[PDB]
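Here is what each chain is made of, one letter per residue.
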Amino acid sequence: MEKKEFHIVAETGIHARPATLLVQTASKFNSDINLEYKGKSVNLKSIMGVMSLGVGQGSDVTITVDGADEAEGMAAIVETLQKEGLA
């Protein structure tokens, strides 16, 4: 299992295009991927769950990846977060 805590710097937080893109990236992997914010964990592959979490700028979140391709998944997540200006 891999886990990483990020600090959201984006103006919109995890919403709009960056959120949709992050969700799409997560969905490409077989591993289970969860996003935790304020003690609440959702499936990062689910758009409704992510959008409803209410993650704004300045938020501290933790992403957990668990599965065969977890290493590949974490690497892609970090890249996406950087290119979408999220963390």
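As summarised from the PDB record, the model derives from X-ray crystallography at a stated resolution of 1.90 Å.

Our focus in this paragraph is the sheet that holds strand β1 (residues 2-7). In spatial order, the strands read β1-β4-β2-β3; together these 4 strands make up an open sheet with antiparallel pairing. Only two strands of the sheet have a single neighbouring strand rather than two, namely β1 and β3 (40-43). Pairwise comparison of adjacent strand axes, ignoring direction, gives a mean angle of 25° for this sheet. Where β1 meets strand β4 (residues 60-66), 6 bridges bridge the pair, whose relative direction is antiparallel.

According to the stated counting rule, one finds 1 salt bridge in the structure shown. Here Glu 84 ties to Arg 17 by a salt bridge, and the two come within 3.9 Å at their closest N and O atoms. With a gap of 67 residues between them, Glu 84 in the segment after α3 (70-83) and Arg 17 in helix α1 (residues 16-27) connect regions that are remote in the sequence. Residue classification places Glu 84 among the buried positions, given a relative accessible area of 18%. Accessibility expressed as a relative area gives 57% for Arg 17, which makes it exposed.

Cut-offs used in this document
- Residues numbered from 1 in each chain as written, not as in the entry; some residues may be left out.
- Heavy atoms only, no water.
- Pairing = 2+ DSSP bridges.
- Helix = DSSP H or I, 4+ residues; strand = E, 2+ residues; numbered from the N terminus.
- Axes fitted to C-alpha atoms, helices over the stretch in contact; angles between N-to-C directions.
- Salt bridge = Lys/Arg side-chain N within 4 Å of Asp/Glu carboxyl O.
- Buried < 20%, exposed > 50% of the residue type's maximum accessible area, 1.4 Å probe, protein only.

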